[PDB]
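Coming up, as structure tokens: structure 1 and structure 2, two forms of one and the same protein chain.
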Structure 1
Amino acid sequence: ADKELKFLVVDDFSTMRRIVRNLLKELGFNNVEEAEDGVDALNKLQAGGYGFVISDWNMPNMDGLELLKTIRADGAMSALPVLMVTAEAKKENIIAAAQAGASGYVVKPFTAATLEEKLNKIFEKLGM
């Protein structure tokens, strides 16, 4: 897609950010800002300009599922692509995400190969 596309990596403080930020730099994307949780994220998102969200599921103040929900509700950014990247592989977690309108799901641990395919899949489907 476009190289100037703005991403927001929502992850408290684990290895997810260093991994994802790096894999994104490799695919060509350099415009990447990070957040610690749903709250911080929503604030940063109000500034506008963002075109893609990548987030964990378990974070304090607001988990990934609530953030997902909050994003879909808000009309100004109801279509913003959101990709969940979490350890949670149960039946409840995946269905919740599908119902809420997740763009995609990636289970941890994952490999660079997968994350790149999950991104490139969503890029086609949406036409970025």
Structure 2
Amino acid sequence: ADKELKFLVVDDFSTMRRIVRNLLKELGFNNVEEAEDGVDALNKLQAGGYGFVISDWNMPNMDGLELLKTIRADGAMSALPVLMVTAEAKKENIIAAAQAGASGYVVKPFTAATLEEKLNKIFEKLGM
């Protein structure tokens, strides 16, 4: 993985988006854009050029699972890595996300080390 990989951080809370953006910055990942819900995110991904998506599970209008299913069904982006963020792990949620294509899942709040760990595990699983 290239430090210039372009990330899309999706959440309806601007403070959480700021947190994620700062943790990526601490790891050396500075090309970050933000979206406020699943629909806003698709508007942006359509622009093209993204390399990785971090999305919260709970968002209005289009939630995390709906955004992920849409990305996996799209011919041009079907392989984009998606890391799902959630406030609480639930077995069913983890299986539904995995079966729909999620590259990994992380429970918030998390630290830079934990994010780094998640990113490395995905990079390794995907051969990046």
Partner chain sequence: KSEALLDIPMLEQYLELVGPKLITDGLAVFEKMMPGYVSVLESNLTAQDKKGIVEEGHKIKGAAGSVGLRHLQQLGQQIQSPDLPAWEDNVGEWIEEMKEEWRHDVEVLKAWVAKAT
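Quick note, the numbers are simply positions in structure 1, starting from 1. Between two forms, the rigid core is the largest collection of C-alphas that superpose within 1.5 Å.
- In this pair, the copy labelled structure 1 belongs to the form solved in complex with the partner chain.
- For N22, the Cα coordinates differ by under 2 angstroms between structure 1 and structure 2 after the core has been superposed.
- Core-superposed comparison between structure 1 and structure 2: CA of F110 displaced by 2 Å or more.
- In the rigid-core superposition between structure 1 and structure 2, residue position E88 carries a C-alpha shift of 3.3 Å.
- Relative to the superposed rigid core, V9 shifts its CA by 0.1 Å between structure 1 and structure 2.
- Core fit done between structure 1 and structure 2; CA of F123 shifted by 1.7 Å.
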